[PDB]
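Asker: I would like to see how this sequence folds:
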Amino acid sequence: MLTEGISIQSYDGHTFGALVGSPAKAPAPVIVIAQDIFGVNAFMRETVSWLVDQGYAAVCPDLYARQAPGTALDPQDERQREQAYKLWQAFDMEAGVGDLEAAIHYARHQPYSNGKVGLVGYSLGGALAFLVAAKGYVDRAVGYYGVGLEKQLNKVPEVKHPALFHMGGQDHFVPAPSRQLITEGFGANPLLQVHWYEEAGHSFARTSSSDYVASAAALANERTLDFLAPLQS
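Answerer: Numbers count the residues shown, from 1 in each chain. Take a look at the structure below.
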């Protein structure tokens, strides 16, 4: 689901919609949420809700609009999971970072904006959160269980604003040698923070996931809110 009428233009001209939640009280910092592989669906609506209840405005852009605008898939349906994997396999990561840059720029200047912008992403969006932190586009970035971060470690020195990553110790997208690489590489830059949740696997913060772990989702989420709070000005 997206908010009717909202349109954001990316550097190359492509336009895309977004699900927007204005804030209870304005002006407020705005958090751009980078979707998982299921598009802007029920979990994104819930994330927008969560952030608005904590005092932020939130913008979740339709990153699949270059392939299939308005895609919103149910992760409980087998056929739509297969569709999510097919879209993820074809996803242009650099164009997604470009679309997030445009959504971040939009987030800076809405009527309810206080000018500060954060980004929170999950899975596919957690890997995009790291690439966005390397570009420097946001004030703070947060990535939950981004996939393939051990292949992007040469960008660690480019991160110049804070970025927080929550990783599951039982997420098999990140086996032990990958964990160690990430832990050692991120460890060289104090602007990066990574926490490992030993009893949790991938998607552990989505309440509707079979891999949901309440204690870890809760510890992660509070660390995310404490990390984003300085943007409240």
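
Asker: C-alpha from now on. contacts and neighbour counts both.
Answerer: Fine.

Asker: Check the secondary structure at the nearest residue to residue 187 once chain neighbours are set aside for me.
Answerer: Residue nearest to residue 187 in three dimensions, not counting chain neighbours: residue 193, with 7.8 Å by C-alpha to C-alpha, 6 or more residues apart in numbering. Here residue 193 is recorded as strand under DSSP: H, G, I helix; E, B strand; the rest coil.

Asker: ok, now the one 10 residues further on?
Answerer: When classified by three-state DSSP, residue 203 comes out as coil.

Asker: Compute the number of surrounding residues for it.
Answerer: Neighbourhood size, residue 203 [other C-alpha atoms under 10 Å]: 23.

Asker: ok, now residue 175?
Answerer: With other C-alpha under 10 Å as criterion, residue 175 counts 11.

Asker: just the one 4 residues further on next, same as before
Answerer: Residue 179 has 19 neighbouring residues, counting by other C-alpha under 10 Å.

Asker: what helix or strand does it sit in?
Answerer: Element membership for residue 179, per DSSP states H and E: helix 176-186.

Asker: what do you get for residue 104?
Answerer: Assigned by DSSP H and E, residue 104 falls in helix 93-108.

Asker: Quick check, central residue of this protein?
Answerer: residue 121 (0.9 Å; C-alpha atoms, centre = their mean).

Asker: Could I get the phi/psi values of that one?
Answerer: phi -140, psi 160 (degrees, to the nearest 10).

Asker: ok, it - contacts?
Answerer: Neighbour list for residue 121: 33, 34, 35, 36, 127, 128, 129, 142, 143, 144, 146 [criterion: C-alpha atoms under 8 Å, 6 or more residues apart in numbering].

Asker: wait, the second one sits on residue 127?
Answerer: No: look at residue 34 against residue 127 with C-alpha atoms under 8 Å: they stay out of range, at 9.3 Å.

Asker: quick revisit: can you give me the buried ones in the helix holding residue 104?
Answerer: By neighbour count on 16 or more other C-alpha atoms under 10 Å, the buried set for helix 93-108 is 93, 95-108.

Asker: tell me the SS of residue 164?
Answerer: Residue 164 is classified as strand under three-state DSSP.

Asker: sorry, back to before: who touches the closest residue to the residue nearest to the centre of the chain other than its chain neighbours in this structure?
Answerer: Once flanking residues are discounted, residue 121 sits nearest to residue 34: 4.2 Å by C-alpha to C-alpha, 6+ apart. Residues in contact with residue 34 (C-alpha under 8 Å, 6+ apart) are 60-61, 63, 100, 119-122, 124-126, 128-129.

Asker: Could you point out which of these is nearest to residue 180?
Answerer: Relative to residue 180, the closest of these is residue 126; by C-alpha to C-alpha it sits at 18.1 Å.

Asker: What segments of the chain are helices?
Answerer: Remark: helices assigned in the chain by DSSP state H are 42-53, 78-90, 93-108, 124-135, 176-186, 214-228.
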